[PDB]
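Before any comments, here is the structure.
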Amino acid sequence: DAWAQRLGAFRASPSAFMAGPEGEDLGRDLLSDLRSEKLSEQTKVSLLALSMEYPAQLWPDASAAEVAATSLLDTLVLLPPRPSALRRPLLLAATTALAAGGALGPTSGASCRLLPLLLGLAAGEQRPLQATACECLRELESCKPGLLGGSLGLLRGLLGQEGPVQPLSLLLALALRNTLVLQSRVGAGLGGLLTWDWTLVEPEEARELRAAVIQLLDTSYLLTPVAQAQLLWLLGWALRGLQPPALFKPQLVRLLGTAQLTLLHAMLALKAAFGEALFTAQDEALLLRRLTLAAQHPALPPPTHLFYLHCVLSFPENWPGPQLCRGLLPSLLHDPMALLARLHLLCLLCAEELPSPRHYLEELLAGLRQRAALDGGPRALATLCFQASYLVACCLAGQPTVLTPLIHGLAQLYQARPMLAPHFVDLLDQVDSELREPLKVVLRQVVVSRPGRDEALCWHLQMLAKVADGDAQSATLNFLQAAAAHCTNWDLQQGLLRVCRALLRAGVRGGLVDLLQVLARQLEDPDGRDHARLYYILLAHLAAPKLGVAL
Amino acid sequence: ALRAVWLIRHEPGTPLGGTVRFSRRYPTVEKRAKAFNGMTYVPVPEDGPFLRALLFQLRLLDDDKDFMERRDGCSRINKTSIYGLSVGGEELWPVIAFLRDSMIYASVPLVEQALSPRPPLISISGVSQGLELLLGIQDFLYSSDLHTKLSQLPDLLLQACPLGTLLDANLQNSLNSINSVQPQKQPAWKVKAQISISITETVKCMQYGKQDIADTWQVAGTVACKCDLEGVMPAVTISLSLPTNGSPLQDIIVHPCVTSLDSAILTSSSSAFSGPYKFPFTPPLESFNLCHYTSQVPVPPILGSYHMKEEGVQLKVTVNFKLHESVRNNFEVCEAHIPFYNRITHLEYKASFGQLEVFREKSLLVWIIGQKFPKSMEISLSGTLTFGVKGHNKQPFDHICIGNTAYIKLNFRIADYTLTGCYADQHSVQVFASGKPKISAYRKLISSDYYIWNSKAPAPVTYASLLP
């Protein structure tokens with residue numbers, strides 16, 4: 001329990017404890033007992049794991065980072081010459097401290113001592129050490145561009161020699177990209193780079209690069225899917241503008257016969273970056289079919305389904321039929337969050353208007369409404385209905401044929417389930433005017449249709465406030481007058497004056513001098529009555545613009 | 001390149017919501033995020049605030065709130081599992097998550113461009129990378145050992161994701177490489193030819209049974225194999241012998257380790273030959289799946305019906321089944337469970353075969369048909385189920401079952417008889433190597449979703465079912 005209680009307070013909160021009194025010397029102790037012998041294997045392992053995990057919290061300044069770098073390097077060299085388990089973690093922790101401290105640079109002794117060490121070690125627990133060193137070198141090269149562009153000839157020559165496929169492959173690819181970009185930015189090329197410089201921080205090449213790409217592809221057969229995806233993504237970045245892609249065409253075509261979440265995205269971004277150079281006019285069709293298939297294939301988890309359902313909608317075109325729209329069209333066998341990924345397809349199909357797609361949309365939205373009206377269910381159902389309504393409204397503002405049933409269904413749904421007041425308010429606050437107005441009219445008609453004796457008044461008044469205007473005066477005034485007697489709690493007594501304030505803003509003048517008057521004279525809470533008095537005075541004594549400027 | 005990884009077990013009722021079992025942050029990538037993003041940078045919070053925000057956004061922490069416009073809004077639509085967290089007045093983006101068997105998985109990747117316009121998700125590689133790592137962890141932890149699996153995880157993934165960049169997504173391989181210590185291009189996920197192909201064709205069928213409405217059945221199948229043979233490059237591609245009565249393969253997708261899929265597999269979506277099944281693979285230390293197939297057969301295996309005349313409190317479920325002759329008459333568990341959503345006090349039943357044991361809750365009488373149907377191939381239940389005080393919330397509330405609409409949930413299973421016709425063959429082994437394939441093939445049948453849909457009531461319908 002020498003260091004366990006020490007690291008507990010840090011891994012509870014790094015920035016909080018490092019801002020405390022004891023954390024001032026925590027890094028000092030940790031660097032001190034690095035070469036000690038009183039610390040067991042487990043304590044050293046745990047301390048070095050923390051040194052891995054948060055290099056930004058104990059050595060902020062560049063000078064402190066350099067000092068810690070030299071200290072770690074010393075205790076790594078000065079280790080006992082016996083097989084132990086501090087070899088790789090020490091190098092990786094020093095790399096983390098130097099890279100995240102900002103003290104790395106060619107003009108510093110710590111970096112000039114660390115970099116040759118990692119280069120030699122990775123050049124070749126020997127295999128795990130080599131892998132760890134290669135990863136450290138690649139990460140350092142990522143931190144400062146070109147930092148590790150020194151031994152490219154070594155890896156080129158020793159590709160068949162010792163060294164794990166994945167680390168050297170990734171490091172070589174990253175170095176190629178960074179070095180070639182920098183040198184072509186200068187104006188020159190590789191200049192013999194195929195055979196530890198620090199100056200990069202500030203024809204034959206085609207054949208050499210073709211050899212590089214074939215070697216990378218050949219060695220990539222061992223690459224795991226995730227690393228394979230990043231390799232191909234950055235390669236498709238690099239060689240888009242800078243030999244035909246028919247070298248990598250067989251591999252890409254073969255990999256598109258898969259459905260793994262990473263190779264599919266590698267193929268998708270490869271086509272979205274390379275554009276229409278390699279894509280055929282019909283290969284886009286097969287890719288679209290497979291993405292749509294994978295958007296609903298039972299053998300895959302929900303996340304993969306929804307990922308490809310988002311990919312298909314924003315699919316990247318090469319040179320900007322109905323059956324594909326029938327392999328993904330929504331149903332009511334779909335879990336709540338997998339329909340809205342499919343509603344755009346149905347809105348697209350029905351916009352240009354087998355049962356009539358409007359009829360199927362009516363049945364689907366009617367099922368969603370019937371789910372929503374079920375009292376005693378979760379809120380996911382109502383959220384589904386309203387998000388679907390928003391998507392169709394934005395997508396189909398311009399066809400009253402499909403929209404009149406939607407408006408009628410929403411009105412009936414409000415009549416059935418008054419507890420959904422906030423959802424309608426948000427929808428009204430988002431949708432455009434072409435749908436804001438008729439829905440406003442119909443929902444006002446629904447709310448003022450009842451005499452006003454319901455127990456859902458606290459849910460009616462919210463819509464009444466969110467919709468009241470100067471179109472239908474007398475009906476609204478009658479409904480509000482009836483509802484005045486059914487307000488006993490402060491919540492409804494504020495929704496009601498929210499309605500009156502909405503009328504205020506609209507500009508209605510006559511009769512309101514009595515509606516607001518009666519509300520102010522016949523409510524329960526004093527605060528609502530004073531609210532009404534103020535708003536009635538504002539409407540009665542203001543000119544039209546000054547109310548918008550002084551109320 | 002991620003920024004951090006998580007694994008939070010779902011703990012209902014606890015105010016914190018769970019106890020993190022894994023929280024590794026890579027600060028090299030955070031400095032990279034500063035350098036790349038610039039003015040749009042938003043830092044990664046600590047464990048506590050992250051857990052609070054993620055459980056809030058995943059709708060898993062106290063969903064009883066009336067309306068939170070930051071979550072339930074009509075303008076914030078989440079059509080993908082890549083959510084955007086809002087921590088410390090900053091919109092963290094992108095944050096990944098999914099749930100299965102009470103185990104959350106999460107990650108925040110790196111985007112190498114500014115966030116002032118939210119870049120399209122068809123471009124960020126990190127979303128795919130985070131999702132795949134999370135799926136690999138999910139497969140590892142609940143593969144089949146209660147805490148010896150979750151204890152070694154921090155010492156497990158470090159060997160796979162040391163400094164923010166993944167190496168291999170199979171955590172079983174991290175266990176193989178850490179606990180146990182390649183001069184050729186041996187695959188980076190590998191540390192007497194015996195193969196255990198466990199094919200499994202689940203018959204889900206909303207049989208319905210109307211005139212214009214089609215009877216919706218579809219069988220979901222898969223093949224789990226392994227070329228777990230010694231040698232340098234042994235070759236064992238197995239053949240599955242669907243008969244002449246059986247259709248060719250249907251709905252083929254393959255494994256990440258799998259090489260490719262045929263142009264017909266790309267075409268035949270929802271060569272068309274029964275052979276020779278030549279499936280290229282790459283011998284894994286994992287279990288390679290050369291394909292997952294959902295075969296079609298025109299003959300439904302079981303047919304059913306259901307009427308519930310709501311004569312007050314008399315849910316007379318005059319059921320009537322029809323066991324197609326192609327189905328072997330020996331069912332391991334043909335429990336024709338009959339849940340009673342939205343509704344047994346008085347089991348005044350008339351069971352033709354097998355007990356109809358009302359369960360102790362007296363809410364859903366799971367009528368165990370048992371093991372085999374009678375010689376009449378028809379059960380029935382004219383039960384005067386005189387239910388007492390109307391349960392409005394106690395009963396299982398299933399929205400896909402309202403009113404006189406419902407269906408019998410037959411949880412029926414069968415050993416080695418499915419609806420497709422899989423039969424792996426070994427005498428036709430053709431390869432560029434030599435060996436003895438011990439192809440321990442198999443099959444099964446499960447009730448994925450076998451709702452014998454009541455034709456005396458409306459049923460939800462898919463798209464093509466109404467299509468003539």
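Just so we're on the same page: first chain in the structure tokens is A, next is B, and so on; residues restart at 1 for each chain, and ligands are numbered from 1 in the order they show up.
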
query = Could you name the residues that touch residue 220 of chain A at 12 Å or less, counting only C-alpha atoms, but leaving out those on the same chain fewer than 6 positions away, as number ranges by chain?
reply = A: 164-170, 173, 213-214, 226-232, 248, 251; B: 185-188

Okay, now the selection with C-alpha atoms, as a PDB file, in the first residue's frame?
ATOM      1  CA  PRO A 164       6.460  -7.030 -37.257  1.00  0.00           C
ATOM      2  CA  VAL A 165       4.364  -6.301 -40.326  1.00  0.00           C
ATOM      3  CA  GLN A 166       1.872  -3.858 -38.825  1.00  0.00           C
ATOM      4  CA  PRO A 167       4.238  -1.441 -36.995  1.00  0.00           C
ATOM      5  CA  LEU A 168       6.757  -0.991 -39.816  1.00  0.00           C
ATOM      6  CA  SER A 169       3.934  -0.843 -42.367  1.00  0.00           C
ATOM      7  CA  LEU A 170       2.064   1.929 -40.546  1.00  0.00           C
ATOM      8  CA  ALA A 173       3.107   4.797 -44.740  1.00  0.00           C
ATOM      9  CA  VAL A 213       2.514   1.081 -52.740  1.00  0.00           C
ATOM     10  CA  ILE A 214       2.763  -2.507 -53.959  1.00  0.00           C
ATOM     11  CA  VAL A 226      -9.125  -1.317 -37.953  1.00  0.00           C
ATOM     12  CA  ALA A 227      -5.533  -0.435 -38.834  1.00  0.00           C
ATOM     13  CA  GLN A 228      -6.256  -1.407 -42.437  1.00  0.00           C
ATOM     14  CA  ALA A 229      -9.011   1.212 -42.555  1.00  0.00           C
ATOM     15  CA  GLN A 230      -6.744   4.046 -41.365  1.00  0.00           C
ATOM     16  CA  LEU A 231      -3.948   2.955 -43.700  1.00  0.00           C
ATOM     17  CA  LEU A 232      -6.225   3.014 -46.734  1.00  0.00           C
ATOM     18  CA  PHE A 248      -5.197  -1.636 -55.561  1.00  0.00           C
ATOM     19  CA  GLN A 251      -7.990  -5.614 -53.143  1.00  0.00           C
TER      20      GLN A 251
ATOM     21  CA  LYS B 185       3.531 -12.068 -43.049  1.00  0.00           C
ATOM     22  CA  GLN B 186       1.447 -14.005 -40.544  1.00  0.00           C
ATOM     23  CA  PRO B 187      -1.870 -12.230 -39.877  1.00  0.00           C
ATOM     24  CA  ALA B 188      -1.710  -9.803 -36.978  1.00  0.00           C
TER      25      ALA B 188
END

message = Which of segment 4-181 of chain B end up as strand (DSSP E) when DSSP is run on this backbone - answer as an MDAnalysis selection string?
response = chainID B and resid 4:8 20:25 82:83 86:87 90:91 95:99 104:109

Got time to write the residues from that selection, N, CA, C and O atoms, as a short mmCIF file (atom, residue, chain, number, x, y, z; two decimals), in the first residue's frame?
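And here's out_14.cif as it stands now:
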data_model
loop_
_atom_site.label_atom_id
_atom_site.label_comp_id
_atom_site.auth_asym_id
_atom_site.auth_seq_id
_atom_site.Cartn_x
_atom_site.Cartn_y
_atom_site.Cartn_z
N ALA B 4 -10.31 8.68 -26.17
CA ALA B 4 -10.43 7.87 -24.97
C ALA B 4 -11.50 6.81 -25.18
O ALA B 4 -12.29 6.87 -26.13
N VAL B 5 -11.50 5.82 -24.29
CA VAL B 5 -12.33 4.63 -24.41
C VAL B 5 -13.02 4.39 -23.07
O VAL B 5 -12.53 4.80 -22.02
N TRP B 6 -14.18 3.74 -23.12
CA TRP B 6 -14.92 3.50 -21.89
C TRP B 6 -15.58 2.12 -21.92
O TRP B 6 -15.71 1.49 -22.96
N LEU B 7 -15.97 1.67 -20.72
CA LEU B 7 -16.87 0.53 -20.56
C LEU B 7 -17.59 0.75 -19.23
O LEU B 7 -16.99 0.57 -18.17
N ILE B 8 -18.85 1.15 -19.30
CA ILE B 8 -19.65 1.43 -18.13
C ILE B 8 -20.77 0.41 -18.07
O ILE B 8 -21.66 0.41 -18.94
N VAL B 20 -17.59 2.66 -13.69
CA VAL B 20 -16.67 2.49 -14.81
C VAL B 20 -15.69 1.37 -14.52
O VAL B 20 -15.11 1.28 -13.43
N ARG B 21 -15.51 0.50 -15.51
CA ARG B 21 -14.51 -0.56 -15.45
C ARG B 21 -13.31 -0.27 -16.33
O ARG B 21 -12.36 -1.05 -16.33
N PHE B 22 -13.32 0.83 -17.07
CA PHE B 22 -12.25 1.12 -18.02
C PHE B 22 -12.33 2.58 -18.41
O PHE B 22 -13.36 3.02 -18.93
N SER B 23 -11.26 3.33 -18.16
CA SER B 23 -11.21 4.74 -18.57
C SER B 23 -9.74 5.06 -18.88
O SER B 23 -8.97 5.41 -17.98
N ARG B 24 -9.38 4.95 -20.15
CA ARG B 24 -8.03 5.25 -20.61
C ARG B 24 -8.06 6.41 -21.58
O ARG B 24 -8.71 6.33 -22.63
N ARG B 25 -7.35 7.48 -21.24
CA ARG B 25 -7.26 8.68 -22.06
C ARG B 25 -5.87 8.78 -22.67
O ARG B 25 -4.86 8.57 -21.99
N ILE B 82 -23.91 7.93 -33.27
CA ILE B 82 -22.80 8.84 -32.99
C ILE B 82 -23.40 10.13 -32.44
O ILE B 82 -23.71 11.06 -33.17
N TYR B 83 -23.54 10.18 -31.13
CA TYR B 83 -24.18 11.27 -30.43
C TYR B 83 -23.18 12.41 -30.22
O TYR B 83 -21.97 12.24 -30.37
N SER B 86 -22.66 17.42 -24.63
CA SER B 86 -22.59 18.82 -24.25
C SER B 86 -22.07 18.89 -22.82
O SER B 86 -22.85 18.80 -21.87
N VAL B 87 -20.76 19.05 -22.67
CA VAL B 87 -20.12 19.08 -21.36
C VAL B 87 -19.40 20.41 -21.18
O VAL B 87 -18.65 20.84 -22.07
N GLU B 90 -19.61 23.30 -23.67
CA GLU B 90 -19.01 22.97 -24.95
C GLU B 90 -19.66 21.71 -25.51
O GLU B 90 -19.88 20.74 -24.77
N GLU B 91 -19.97 21.73 -26.80
CA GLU B 91 -20.58 20.58 -27.46
C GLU B 91 -19.47 19.63 -27.87
O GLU B 91 -18.78 19.84 -28.87
N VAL B 95 -19.21 11.58 -30.05
CA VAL B 95 -19.20 10.61 -28.97
C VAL B 95 -20.05 9.42 -29.39
O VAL B 95 -21.19 9.60 -29.84
N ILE B 96 -19.50 8.23 -29.24
CA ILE B 96 -20.13 6.99 -29.70
C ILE B 96 -20.62 6.21 -28.49
O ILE B 96 -20.03 6.29 -27.41
N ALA B 97 -21.70 5.44 -28.68
CA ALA B 97 -22.22 4.61 -27.61
C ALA B 97 -23.21 3.59 -28.16
O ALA B 97 -23.87 3.83 -29.18
N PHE B 98 -23.31 2.44 -27.48
CA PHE B 98 -24.40 1.50 -27.70
C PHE B 98 -24.53 0.61 -26.48
O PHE B 98 -23.61 0.50 -25.66
N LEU B 99 -25.69 -0.04 -26.36
CA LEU B 99 -26.05 -0.84 -25.20
C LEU B 99 -26.49 -2.24 -25.61
O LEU B 99 -27.16 -2.42 -26.63
N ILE B 104 -22.48 -0.82 -21.42
CA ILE B 104 -22.33 0.32 -22.32
C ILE B 104 -20.91 0.34 -22.85
O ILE B 104 -19.98 -0.11 -22.18
N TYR B 105 -20.74 0.84 -24.06
CA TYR B 105 -19.45 0.93 -24.71
C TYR B 105 -19.35 2.29 -25.40
O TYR B 105 -20.29 2.71 -26.07
N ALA B 106 -18.22 2.97 -25.24
CA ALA B 106 -18.15 4.36 -25.68
C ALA B 106 -16.73 4.72 -26.09
O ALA B 106 -15.77 4.03 -25.73
N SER B 107 -16.61 5.81 -26.85
CA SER B 107 -15.33 6.32 -27.32
C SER B 107 -15.55 7.67 -27.97
O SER B 107 -16.63 7.96 -28.50
N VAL B 108 -14.51 8.50 -27.93
CA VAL B 108 -14.50 9.79 -28.64
C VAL B 108 -13.32 9.80 -29.60
O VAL B 108 -12.17 9.84 -29.16
N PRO B 109 -13.56 9.77 -30.90
CA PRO B 109 -12.45 9.70 -31.85
C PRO B 109 -11.82 11.05 -32.15
O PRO B 109 -12.16 12.06 -31.53
#

query = Do you know which residues are at most 8 Å from segment 336-348 of chain B counting only C-alpha atoms, after dropping those on the same chain fewer than 5 positions away, and could you put them as a ChimeraX atom specification?
reply = /B:358,362-369,382-388,390-393,395-398,401-403,407-412

Write the residues of the preceding selection, restricted to N, CA and C atoms, as a compact mmCIF listing (two decimals), in the first residue's frame.
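Saved as out35.txt:
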# COMPACT_ATOMS: atom_id res chain seq x y z
N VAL B 358 -51.69 -21.23 -15.88
CA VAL B 358 -51.63 -19.81 -15.56
C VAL B 358 -50.48 -19.59 -14.59
N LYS B 362 -50.66 -14.49 -12.59
CA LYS B 362 -52.03 -14.47 -13.12
C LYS B 362 -52.22 -13.31 -14.09
N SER B 363 -51.19 -13.05 -14.89
CA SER B 363 -51.18 -11.99 -15.89
C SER B 363 -51.05 -12.51 -17.31
N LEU B 364 -50.24 -13.54 -17.52
CA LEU B 364 -50.07 -14.13 -18.84
C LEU B 364 -49.97 -15.64 -18.68
N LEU B 365 -50.98 -16.36 -19.15
CA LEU B 365 -51.05 -17.81 -18.98
C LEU B 365 -50.24 -18.48 -20.07
N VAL B 366 -49.01 -18.84 -19.76
CA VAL B 366 -48.16 -19.49 -20.75
C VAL B 366 -48.64 -20.91 -20.94
N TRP B 367 -49.45 -21.13 -21.97
CA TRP B 367 -50.00 -22.44 -22.25
C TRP B 367 -48.91 -23.33 -22.83
N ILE B 368 -48.28 -24.13 -21.98
CA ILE B 368 -47.23 -25.03 -22.45
C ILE B 368 -47.86 -26.18 -23.22
N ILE B 369 -47.80 -26.10 -24.55
CA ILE B 369 -48.17 -27.24 -25.38
C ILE B 369 -47.28 -28.43 -25.08
N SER B 382 -61.06 -22.26 -25.40
CA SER B 382 -62.28 -21.48 -25.21
C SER B 382 -62.42 -21.14 -23.73
N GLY B 383 -61.44 -20.38 -23.25
CA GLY B 383 -61.34 -20.05 -21.85
C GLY B 383 -62.13 -18.82 -21.49
N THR B 384 -63.01 -18.97 -20.50
CA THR B 384 -63.74 -17.83 -19.93
C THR B 384 -62.85 -17.18 -18.87
N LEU B 385 -61.86 -16.44 -19.36
CA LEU B 385 -60.84 -15.84 -18.51
C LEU B 385 -61.44 -14.64 -17.79
N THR B 386 -62.16 -14.93 -16.71
CA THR B 386 -62.84 -13.88 -15.96
C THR B 386 -61.83 -13.05 -15.17
N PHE B 387 -61.11 -12.17 -15.87
CA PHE B 387 -60.13 -11.32 -15.21
C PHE B 387 -60.81 -10.40 -14.21
N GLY B 388 -60.11 -10.14 -13.11
CA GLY B 388 -60.67 -9.34 -12.03
C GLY B 388 -60.57 -7.86 -12.29
N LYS B 390 -59.39 -4.55 -13.58
CA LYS B 390 -58.69 -4.34 -14.84
C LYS B 390 -57.28 -3.82 -14.62
N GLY B 391 -56.28 -4.66 -14.89
CA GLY B 391 -54.91 -4.21 -14.85
C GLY B 391 -54.61 -3.29 -16.02
N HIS B 392 -54.33 -2.03 -15.74
CA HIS B 392 -54.01 -1.05 -16.78
C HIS B 392 -52.52 -0.83 -16.95
N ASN B 393 -51.73 -1.02 -15.90
CA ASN B 393 -50.29 -0.88 -15.97
C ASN B 393 -49.52 -2.08 -15.45
N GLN B 395 -50.04 -5.31 -16.14
CA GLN B 395 -49.83 -6.27 -17.20
C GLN B 395 -48.72 -5.80 -18.13
N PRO B 396 -48.04 -6.72 -18.81
CA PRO B 396 -47.00 -6.32 -19.75
C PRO B 396 -47.57 -5.44 -20.85
N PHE B 397 -47.13 -4.18 -20.88
CA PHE B 397 -47.64 -3.20 -21.83
C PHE B 397 -46.83 -3.31 -23.12
N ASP B 398 -47.39 -3.99 -24.12
CA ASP B 398 -46.77 -4.11 -25.43
C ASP B 398 -47.64 -3.37 -26.43
N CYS B 401 -49.54 -4.83 -29.55
CA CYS B 401 -50.66 -5.69 -29.21
C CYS B 401 -51.71 -4.84 -28.49
N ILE B 402 -52.66 -4.32 -29.25
CA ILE B 402 -53.69 -3.43 -28.73
C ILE B 402 -55.06 -3.97 -29.12
N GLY B 403 -55.97 -4.05 -28.15
CA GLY B 403 -57.33 -4.49 -28.45
C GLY B 403 -57.38 -5.97 -28.76
N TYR B 407 -50.90 -11.84 -30.99
CA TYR B 407 -50.52 -13.09 -31.62
C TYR B 407 -49.88 -13.97 -30.56
N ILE B 408 -49.89 -15.26 -30.82
CA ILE B 408 -49.32 -16.21 -29.88
C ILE B 408 -47.80 -16.16 -30.02
N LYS B 409 -47.11 -15.98 -28.91
CA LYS B 409 -45.65 -15.99 -28.90
C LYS B 409 -45.20 -17.43 -28.71
N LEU B 410 -45.06 -18.16 -29.81
CA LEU B 410 -44.59 -19.54 -29.74
C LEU B 410 -43.07 -19.53 -29.67
N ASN B 411 -42.52 -19.82 -28.49
CA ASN B 411 -41.07 -19.87 -28.33
C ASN B 411 -40.51 -21.24 -28.71
N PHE B 412 -40.87 -21.74 -29.88
CA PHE B 412 -40.59 -23.13 -30.23
C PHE B 412 -39.19 -23.30 -30.78

key: Spatial neighbours of residue 438 of chain B, 12 Å, only C-alpha atoms, chain gap at least 2 places, as an MDAnalysis selection string   = chainID B and resid 192:197 225:229 236:238 424:427 429 435:436 440:441

query = DSSP says helix (DSSP H, G or I) for which residues of segment 186-330 of chain B? Put them as a PyMOL selection string?
reply = chain B and resi 263-267

key: Which residue of A:380, A:193, A:512, A:212 approaches chain B most closely, using only C-alpha atoms   = A:380

inquiry  = Which residues are near segment 152-156 of chain B? Cut-off 12 Å, only C-alpha atoms, ignore same chain within fewer than 2 positions. Put them as a ChimeraX atom specification.
reply    = /A:45-46,49 /B:5-7,20-24,137-138,140-141,145-150,158-162,168-179

Please save N, CA and C atoms of the selected residues as a short mmCIF file (atom, residue, chain, number, x, y, z; two decimals), in the first residue's frame.
data_model
loop_
_atom_site.label_atom_id
_atom_site.label_comp_id
_atom_site.auth_asym_id
_atom_site.auth_seq_id
_atom_site.Cartn_x
_atom_site.Cartn_y
_atom_site.Cartn_z
N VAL A 45 5.20 -0.94 -12.08
CA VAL A 45 4.32 -1.06 -13.23
C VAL A 45 3.18 -0.05 -13.15
N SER A 46 2.55 0.06 -11.98
CA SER A 46 1.42 0.98 -11.84
C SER A 46 1.87 2.43 -11.99
N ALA A 49 2.47 3.12 -15.55
CA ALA A 49 1.20 3.23 -16.26
C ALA A 49 0.59 4.62 -16.09
N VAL B 5 -11.50 5.82 -24.29
CA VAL B 5 -12.33 4.63 -24.41
C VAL B 5 -13.02 4.39 -23.07
N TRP B 6 -14.18 3.74 -23.12
CA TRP B 6 -14.92 3.50 -21.89
C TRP B 6 -15.58 2.12 -21.92
N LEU B 7 -15.97 1.67 -20.72
CA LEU B 7 -16.87 0.53 -20.56
C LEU B 7 -17.59 0.75 -19.23
N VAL B 20 -17.59 2.66 -13.69
CA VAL B 20 -16.67 2.49 -14.81
C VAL B 20 -15.69 1.37 -14.52
N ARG B 21 -15.51 0.50 -15.51
CA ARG B 21 -14.51 -0.56 -15.45
C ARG B 21 -13.31 -0.27 -16.33
N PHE B 22 -13.32 0.83 -17.07
CA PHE B 22 -12.25 1.12 -18.02
C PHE B 22 -12.33 2.58 -18.41
N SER B 23 -11.26 3.33 -18.16
CA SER B 23 -11.21 4.74 -18.57
C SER B 23 -9.74 5.06 -18.88
N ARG B 24 -9.38 4.95 -20.15
CA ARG B 24 -8.03 5.25 -20.61
C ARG B 24 -8.06 6.41 -21.58
N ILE B 137 -14.96 -5.35 -27.99
CA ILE B 137 -15.04 -5.50 -26.54
C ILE B 137 -16.34 -6.18 -26.14
N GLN B 138 -17.45 -5.80 -26.78
CA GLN B 138 -18.74 -6.40 -26.46
C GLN B 138 -18.75 -7.89 -26.76
N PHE B 140 -16.09 -9.82 -26.79
CA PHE B 140 -15.18 -10.49 -25.87
C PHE B 140 -15.82 -10.71 -24.50
N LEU B 141 -16.39 -9.66 -23.91
CA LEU B 141 -16.81 -9.73 -22.51
C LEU B 141 -17.95 -10.73 -22.31
N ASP B 145 -16.12 -17.31 -14.69
CA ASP B 145 -15.75 -16.31 -15.68
C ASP B 145 -16.51 -15.01 -15.46
N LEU B 146 -17.06 -14.85 -14.26
CA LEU B 146 -17.87 -13.67 -13.97
C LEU B 146 -17.01 -12.41 -13.92
N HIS B 147 -15.90 -12.45 -13.19
CA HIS B 147 -15.06 -11.27 -13.00
C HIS B 147 -13.63 -11.44 -13.49
N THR B 148 -13.18 -12.66 -13.78
CA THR B 148 -11.84 -12.83 -14.34
C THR B 148 -11.74 -12.31 -15.77
N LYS B 149 -12.88 -12.02 -16.40
CA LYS B 149 -12.86 -11.39 -17.72
C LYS B 149 -12.80 -9.88 -17.61
N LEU B 150 -13.58 -9.30 -16.69
CA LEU B 150 -13.59 -7.85 -16.52
C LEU B 150 -12.39 -7.34 -15.74
N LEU B 158 -4.45 -2.51 -23.34
CA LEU B 158 -3.19 -1.79 -23.47
C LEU B 158 -2.30 -2.43 -24.53
N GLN B 159 -2.32 -3.76 -24.61
CA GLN B 159 -1.55 -4.44 -25.64
C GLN B 159 -2.11 -4.20 -27.03
N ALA B 160 -3.34 -3.71 -27.14
CA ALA B 160 -4.00 -3.49 -28.42
C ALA B 160 -4.13 -2.02 -28.80
N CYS B 161 -4.37 -1.13 -27.84
CA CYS B 161 -4.47 0.30 -28.09
C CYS B 161 -3.54 1.04 -27.14
N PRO B 162 -2.24 1.03 -27.41
CA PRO B 162 -1.28 1.63 -26.47
C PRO B 162 -1.38 3.14 -26.36
N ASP B 168 -5.40 -4.25 -33.02
CA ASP B 168 -6.32 -5.34 -33.30
C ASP B 168 -7.57 -5.16 -32.46
N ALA B 169 -8.73 -5.47 -33.04
CA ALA B 169 -10.01 -5.25 -32.39
C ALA B 169 -10.54 -6.48 -31.66
N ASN B 170 -9.81 -7.59 -31.69
CA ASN B 170 -10.22 -8.83 -31.02
C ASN B 170 -9.52 -8.88 -29.67
N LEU B 171 -10.28 -8.68 -28.59
CA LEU B 171 -9.68 -8.65 -27.26
C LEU B 171 -9.25 -10.04 -26.79
N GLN B 172 -9.89 -11.09 -27.31
CA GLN B 172 -9.38 -12.43 -27.07
C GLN B 172 -7.94 -12.55 -27.54
N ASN B 173 -7.60 -11.84 -28.62
CA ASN B 173 -6.22 -11.85 -29.10
C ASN B 173 -5.30 -11.07 -28.18
N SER B 174 -5.79 -10.00 -27.55
CA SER B 174 -4.99 -9.33 -26.53
C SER B 174 -4.71 -10.26 -25.36
N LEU B 175 -5.72 -11.04 -24.95
CA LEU B 175 -5.51 -12.03 -23.90
C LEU B 175 -4.51 -13.09 -24.33
N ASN B 176 -4.60 -13.54 -25.58
CA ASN B 176 -3.69 -14.56 -26.07
C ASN B 176 -2.25 -14.05 -26.12
N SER B 177 -2.06 -12.79 -26.51
CA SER B 177 -0.73 -12.22 -26.63
C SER B 177 -0.14 -11.76 -25.31
N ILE B 178 -0.97 -11.40 -24.33
CA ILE B 178 -0.45 -10.93 -23.05
C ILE B 178 -0.09 -12.11 -22.15
N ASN B 179 -1.04 -13.03 -21.95
CA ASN B 179 -0.77 -14.19 -21.11
C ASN B 179 0.28 -15.10 -21.73
#

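Excluding residue 472 of chain A itself and same-chain residues fewer than 6 positions from it, the residues having an atom within 10 Å of it are residues 441, 444 and 445 of chain A, counting only C-alpha atoms.
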